[PDB]
Number of protein chains: 4
Amino acid sequence: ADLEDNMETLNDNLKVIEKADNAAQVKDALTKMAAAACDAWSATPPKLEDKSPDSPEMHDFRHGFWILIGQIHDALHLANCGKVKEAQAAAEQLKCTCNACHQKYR
Amino acid sequence: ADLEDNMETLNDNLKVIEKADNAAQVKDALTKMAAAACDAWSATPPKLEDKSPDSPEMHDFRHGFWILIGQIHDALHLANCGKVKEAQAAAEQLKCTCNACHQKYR
Amino acid sequence: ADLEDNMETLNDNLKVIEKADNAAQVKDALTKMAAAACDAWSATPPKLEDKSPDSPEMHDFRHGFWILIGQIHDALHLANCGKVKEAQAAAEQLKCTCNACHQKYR
Amino acid sequence: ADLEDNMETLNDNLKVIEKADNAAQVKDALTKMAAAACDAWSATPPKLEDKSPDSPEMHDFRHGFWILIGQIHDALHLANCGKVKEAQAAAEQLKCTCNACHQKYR
Ligand code: HEC
Ligand code: HEC
Ligand code: HEC
Ligand code: HEC
Ligand SMILES: [Zn+2]
Ligand SMILES: [Zn+2]
Ligand SMILES: [Zn+2]
Ligand SMILES: [Zn+2]
């Protein structure tokens, strides 16, 4: 349930994808990431603890997760259809979403 | 967190939108729908009760939720912006995603 | 390349998908709909001839086309994977984007 | 019309968004990038002239453009709402799509 725990689960499963052998491994990891992302959006990060839940900073923080869930969905199509290289390449593009949110609120 | 309960909160909040006057009411209903959707995809429907979580059928079952969440995300842009009518029209288009899943797994 | 011709293209190719025998016929028809959608969005519909290109109605008019292109994209995943029936059902959900615009602007 | 011209349009307008002062400049530049993306996806790049138009590389080539159009769509929400800064940040998240495609196919 914890924001820090959700970030650890996102971190571990991202590496899993990068170095996966089969599609079953990639799909398992992406589904775990989707769970963590769904649980993370409702949390308030330390940096934004003083700002209202309707601030333009709390929008955007939530928005980051909608984008990530969209990317996971897209990777899932590729993994399920046995394109393991394409799935791994797509997963590499998640980092961009990771980095942009971290550069503002981490 | 029950599948039936999450469906109720989805069904209720969609009617709230239809009858809303201001944008703040729309934002509040869409956030609740997003939480329910994020909570419902992990559950197993009575029609697939004998199927494994990593089975092919469970994969397409979760697919409808990925599409739903992206439509809530899109509607949220309009509601946060203050475009009440357009947000209501966006919310209406959800009904098709609701319908398609129900045809297959209900 | 005018609005009416592009609407004929979308209409015809949607029938092609519904009556398709194979995935290759589905791929071909989705490609043609993507080209039609890409060519249609810059046009001005007769009912908004009095409005500026930069106006809330014209932003909304073009929006319907980003949604359609996104749905075509999703359906192409399914047809490239060889999932013909799933791709035919996904193409059916396009109809709601068709009707949403038509109710406002046709 | 040809792929090189399309790529210059994308490049020029991306710089314009970075250096933009008003929402009107961002709107116009994002719209021009949407048209360029739409005219680019049907071409065949030099490095894939020897491959089949139904090959996984050609599928992946076209796919990069659907992702870009979705990101331009996303940024236009922010720009049409007058929100210049976050429309500009959204526009930066788009380089990751530019780079993934050049890293494999340019
Ligand atoms: C890709 C999807 C992501 C990976 C991999 C990681 N994140 Fe994040 N993240 C975000 C915040 C606000 C924090 C700080 C939370 C706090 O300080 O309490 C983090 C933190 C991490 C961490 C460090 C965890 C630790 O205790 O050391 C890791 C390893 C991590 N994140 C990996 C915010 C966001 C965010 C905003 C919307 C996104 C999209 C991501 N994080 C994505 C990723
Ligand atoms: C699959 C991807 C689904 C999507 C998307 C939506 N729903 Fe659903 N819903 C789904 C199932 C499998 C069921 C049946 C579960 C059961 O055993 O009863 C339902 C059920 C409902 C119900 C009936 C609830 C009840 O207790 O009888 C309603 C009112 C309902 N769903 C509404 C609904 C709405 C409004 C949605 C979109 C906004 C929607 N659902 C999406 C599966 C899926
Ligand atoms: C707005 C975003 C639209 C979307 C999405 C779709 N259509 Fe459309 N269509 C639209 C307009 C404004 C019009 C009127 C054009 C005019 O100059 O009068 C239309 C018209 C049609 C027609 C009739 C064309 C004619 O014979 O005059 C058809 C058959 C049609 N549209 C089909 C169609 C389909 C199948 C779509 C979904 C894939 C669709 N349209 C989307 C605006 C919009
Ligand atoms: C693949 C799906 C691509 C995406 C997404 C983007 N680009 Fe691209 N670009 C791509 C190819 C295959 C090529 C080479 C074409 C050739 O004839 O060699 C390019 C090339 C460019 C160039 C070079 C222009 C020139 O004179 O040769 C530029 C400046 C360029 N691309 C910019 C660019 C930008 C800014 C993008 C993101 C918005 C982008 N490209 C995406 C393939 C793909
Ligand atoms: Zn995709
Ligand atoms: Zn939108
Ligand atoms: Zn999908
Ligand atoms: Zn968005």
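Ligands are counted one by one from 1 in listed order, and the atoms in each one are counted from 1 as well. Side chains included, hydrogens not; waters and symmetry mates left out as well; all remaining heavy atoms used. A, B, ... follow the sequence lines: proteins, then strands. Residue 1 opens every chain.
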Please find the N/O/S atom of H63(D) nearest to the Zn ion (ligand 5) and write down its name.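 Restricting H63(D) to its N, O and S atoms, the minimum distance to the Zn ion (ligand 5) goes to NE2.
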Taking just the N, O or S atoms of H73(C), which one is nearest to the Zn ion (ligand 5)?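 Answer by atom name: NE2.
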Side chains of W41(D) and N6(D), heavy atoms from C-beta outward: is any pair under 4.5 Å?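 Side chain of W41(D) against side chain of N6(D), heavy atoms only: no contact under 4.5 Å found.
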Side chain proximity check, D74(D) to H77(B), heavy atoms < 4.5 angstrom: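 Side-chain contact under 4.5 Å: yes.
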Proximal ligand 3 atoms for [X], defined as those under 4.0 Å from one of its heavy atoms:
X	result
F65(C)	1 (C), 2 (C), 3 (C)
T97(C)	5 (C)
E4(C)	17 (O), 27 (O)

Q103(B) side-chain N/O to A100(B) backbone N/O, donor-acceptor pair under 3.5 Å: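 No, the answer is negative, given that no donor and acceptor are paired below the 3.5 Å cut-off.
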Has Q93(A) got a side-chain atom pairing as donor or acceptor with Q71(A)'s backbone, closer than 3.5 angstrom?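 No: the side chain of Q93(A) does not pair with the backbone of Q71(A).
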Is the shortest distance from a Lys or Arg side-chain nitrogen in [X] or [Y] to a carboxylate oxygen in the other one below 4.0 Å?
X	Y	result
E18(C)	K95(C)	yes
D12(B)	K32(B)	no
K83(B)	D60(C)	no

Would you say atom 22 (C) of ligand 4 has a protein heavy atom nearer than 4.0 Å?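 Yes; the ligand atom in question has protein heavy-atom contact below 4.0 Å.
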For the residue pair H59(A) and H63(A), is the inter-centroid distance of their aromatic rings smaller than 6.0 Å?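 Between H59(A) and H63(A), the centre distance exceeds or equals 6.0 Å.
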Just need the protein heavy atom nearest to [atom], so name the residue and atom and give the distance.
atom	answer
atom 42 (C) of ligand 3	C101(C) SG, 3.5 Å
atom 41 (C) of ligand 3	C98(C) CA, 3.7 Å
atom 18 (O) of ligand 4	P46(D) CG, 4.2 Å
atom 14 (C) of ligand 4	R106(D) CG, 3.6 Å
atom 26 (O) of ligand 3	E8(C) OE2, 3.5 Å
atom 15 (C) of ligand 4	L3(D) CD2, 4.1 Å
atom 12 (C) of ligand 3	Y105(C) O, 3.8 Å

Considering residues, nucleotides and ligands other than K47(D), do more than 12 of their heavy atoms fall under 6.0 Å from its NZ?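 Check fails, neighbour count at 12 or below.
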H77(C) backbone or side-chain N/O/S under 2.8 Å from the Zn ion (ligand 5):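 A backbone or side-chain N, O or S atom of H77(C) is under 2.8 Å from the Zn ion (ligand 5).
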So, 2.8 Å as the limit: is an N/O/S atom of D74(C) located closer than that to the Zn ion (ligand 5)?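 Here the distance criterion (N, O or S atom, under 2.8 Å) is not met by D74(C), so no.
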Contacting atoms of ligand 4, where contact means under 4.0 angstrom from a heavy atom of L94(D):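 In order of numbering, the contacting atoms are 38 (C).
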Interfacing atoms of ligand 4 (cut-off 4.0 Å, heavy-atom, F61(D)):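 Ligand 4 atoms under the 4.0 Å threshold to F61(D): 2 (C).
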Give the C-alpha distance, both sets of side-chain angles, the deciding distance and a yes or no for side-chain hydrogen bond (donor to acceptor under 3.5 Å, both in side chains) between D54(B) and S52(B). CA-CA 6 Å; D54(B) 61 313; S52(B) 177; 2.7 Å; yes
Measure the acute angle between the ring planes of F61(B) and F65(B), then classify it against the limits of 30° and 60° as parallel, tilted or perpendicular.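 Plane angle over 60°, so perpendicular.
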Just to confirm my numbers, could you give the angle made at atom 8 (Fe) of ligand 3 by SD of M7(C) and NE2 of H102(C), rounded to 10°?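 That angle is 180°.
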